[PDB]
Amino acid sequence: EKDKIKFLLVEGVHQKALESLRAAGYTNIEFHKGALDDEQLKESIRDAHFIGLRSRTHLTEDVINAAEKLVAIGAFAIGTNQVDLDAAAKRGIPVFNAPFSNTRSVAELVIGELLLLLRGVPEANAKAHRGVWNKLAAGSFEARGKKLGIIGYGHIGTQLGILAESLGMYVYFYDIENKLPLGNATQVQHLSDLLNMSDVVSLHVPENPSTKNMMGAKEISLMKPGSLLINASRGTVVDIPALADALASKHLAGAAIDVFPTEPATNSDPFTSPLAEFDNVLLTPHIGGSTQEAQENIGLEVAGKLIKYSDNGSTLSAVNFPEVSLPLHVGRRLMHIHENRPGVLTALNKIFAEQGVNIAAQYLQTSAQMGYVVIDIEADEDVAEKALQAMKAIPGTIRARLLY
């Protein structure tokens, strides 16, 4: 049975995804290096139970809704904005992704980036390439003994810190919440302190309304003269022209930016920033999280998630679905996804009692529009298959399945 369950993988996900699939028993895998055109996409997805895609493939309403057999969708990536998360929820297909798999990559990028900035290496290299030699030591520093101020002490600030400390930098941080320090990191309660003390400032924050432009003319002029600004969290967090200002003012020595409010949609599309005129700014194409090793983690994680769901019904971490997860105990497990009618649960429970079946466990979780419930029962294939078909006749029923 498991090997009649087809995974469609596009955009060159990492091999380990494929390894995990196969070791879980899912050996039916149509895999693609690039993205597919419209007519091939619909061809390959017409009968896929699962799909793993990444940034570029668009699962629009129409695409999802022609996908006849689609059980869940796996964004092997961070973003899910290429998927109709809500079209998908109406057909009862959850969407998973990998939000915290890039951590070491971003941390590393930053460390690498600051080392070079503190030295004026970006600037020296740009001149070098056009035949201008600029050997000077004025302005330049080792990072050892410098103060690094991390704004955003989440999954990434944490690891950034640990590295910064590995290199003997002094580590201070600001987060709108009280965070337990690792090694000898130090929490600064006010942001204007952190800015003042810090030789380099790094942002590691979510894209919310506390963060839109959290760094303006104001905040930046608060920063130490000669300092460095690093942004590789979100494109909206920093007011580019402000920093452009502060960079010609030479109030800042330089900067690195891996994200922008606006980004080229493909790589053939042009890039535009005013920062593009500063040799002392590292400008990178949102590759903060782009490494093979990151790809391997996203591989392990989003396959892992698809498989768990397929095998156990778990929606822990699904982005568009009520979150359920029940531990394994002996018996059969079934599951019902449905509109939020009242008395679906009354309907469900009546079914098992009629058949004289004990419900070992169940977990119903509701969102505004939908409901998902996983029920364990002690019974045989015959019995479970009838409950199944009965469960499929409940009013509201979007989808239901015997998982084992």
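Position 1 is the first residue in the sequence shown; the rest follow in order.
Q: Take the C-alpha B-factors listed in the entry for 378-386 and for 20-28, compute each mean, and give the stretch with the larger one.
A: Per the PDB entry, the higher value belongs to 378-386.
Q: Decide which of the stretches 300-308 and 256-264 has the higher mean C-alpha B-factor, going by the entry.
A: Higher mean C-alpha B-factor in the PDB entry: 256-264.
Q: Based on the PDB record, which member of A98, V319, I240, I162 exhibits the highest Cα temperature factor?
A: Highest C-alpha B-factor among the listed options: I240.
Q: Can you pull the Cα B-factors for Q365, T57, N65, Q362 from the entry and say which is highest?
A: Across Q365, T57, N65, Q362, the entry lists the biggest C-alpha B-factor for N65.
Q: Sorting the chain's modelled residues by C-alpha B-factor, tell me whether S202 ends up in the lowest, middle or highest third.
A: According to the entry, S202 has a C-alpha B-factor in the chain's middle third.
Q: Would you mind checking where the Cα B-factor of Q295 ranks among the modelled residues of its chain, as the lowest, middle or highest third?
A: Lowest third - that is where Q295 ends up once the chain's C-alpha B-factors are sorted.
Q: Taking the chain's C-alpha temperature factors as the reference, tell me which third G216 falls into: lowest, middle or highest.
A: It falls in the top third of the chain.
Q: When the modelled residues of the chain are sorted by Cα temperature factor, does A35 land in the lowest, middle or highest third?
A: Highest third, going by the recorded CA B-factors of the chain.
Q: Please place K135 in the lowest, middle or highest third of its chain according to the CA B-factor in the PDB entry.
A: For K135, the deposited C-alpha B-factor lands in the lowest third.
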